[PDB]
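Next up: a single chain in structure tokens, the form deposited in one PDB entry.
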């Protein structure tokens, strides 16, 4: 009944890979899409303008870092979070509850919401589904995330089932609190941890609600890669095909390609930024460790196929010297490049899907990444074989 925000351009015959279009209030976004953090909280980070120049048409943004106390913040801006960020394209804004429960061990979770006491004076801050959705309505982001009860995937016990059912109840609360469904798209977040039955229950129950899209939560928490890819495959097997699948917290290139093969459409991770901080640059063969002296007299670019400004203007040797003379500017250049590599990777994946050659693409990618596609990690081989893709 409700209008679908996603159009399927193509689906490959073997895997679950999909190429599509998100039609959002600030423009169309090609999927599968990696979503960089547009929030400027980092002193060392790429700017919104450079993201626009790279071709990024949707990024992540929250106001958790602003203000006086921890939690999401109203900004009291006439143009909302888009005006605050000077961003003409699409924004995805999480609830802020994940950061509130992860960054502060003092914060506690009750059915009423996420509770915190002031570090300075013990002031009590409560983030309820109602408050989360009201803040997100004021911010005006294009896609807003349900407030959910997040538990560590390493945790086992009744707490997992408790959080799953609480996430369902909070999904209903957020749906009810959500004004402006004509301008913002609320996504549910599938919970259940590594328990197949709990996650299957969460799938069956959450897909009963007519929300524009669905996300897969509680993965990439230190769980085994077997459990990770099995949970992803379960989720996408039971999520509707005419709506987006957003897998939160995965940025490794191999994980991206594999989870595209499993049916995921949207991704996010701060991995490119962290990789840059080690003096490392992402390439089809993995990463170049530019601090090493084998690049001292290497005057080629990071990647002669890369279209990013760093590869247009600077060489490996310049970056190698800059890492040891001005680590910060080198970090900025490597950040630009790694984000451009993530975008270039997603674009090439989508192109391979549209041209009906995705399995050959995966084979080439694994060969370049690991030497020969049969040297691919065992978990990725299992995952790919589960949806009809064999290597070599």
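Numbering follows the first chain given and starts at 1. Whichever C-alpha set is largest while still superposing within 1.5 Å between the two forms counts as the rigid core.
Keep in mind that the form deposited in another entry is not shown, yet the notes after this line are about it.
After superposition on the rigid core, the C-alpha displacement between the shown form and the other one reaches 2 Å or more for just one residue among 195, 205, 73, 223, namely 73. After superposition on the rigid core, displacement of the C-alpha of residue 156 between the shown form and the other one stays below 2 Å. Residue 279 shows a C-alpha shift of 2 Å or greater between the shown form and the other one [criterion: core-superposed Cα displacement of 2 Å].
Relative to the superposed core, residue 45 undergoes a C-alpha shift of no less than 2 Å between the shown form and the other one.
In summary, the C-alpha positions of residue 336 and residue 43 converge in the other form, ending up at least 3 angstroms nearer each other than in this conformation. In summary, the C-alpha positions of residue 73 and residue 146 diverge in the other form, ending up at least 3 angstroms farther from each other than in this conformation.
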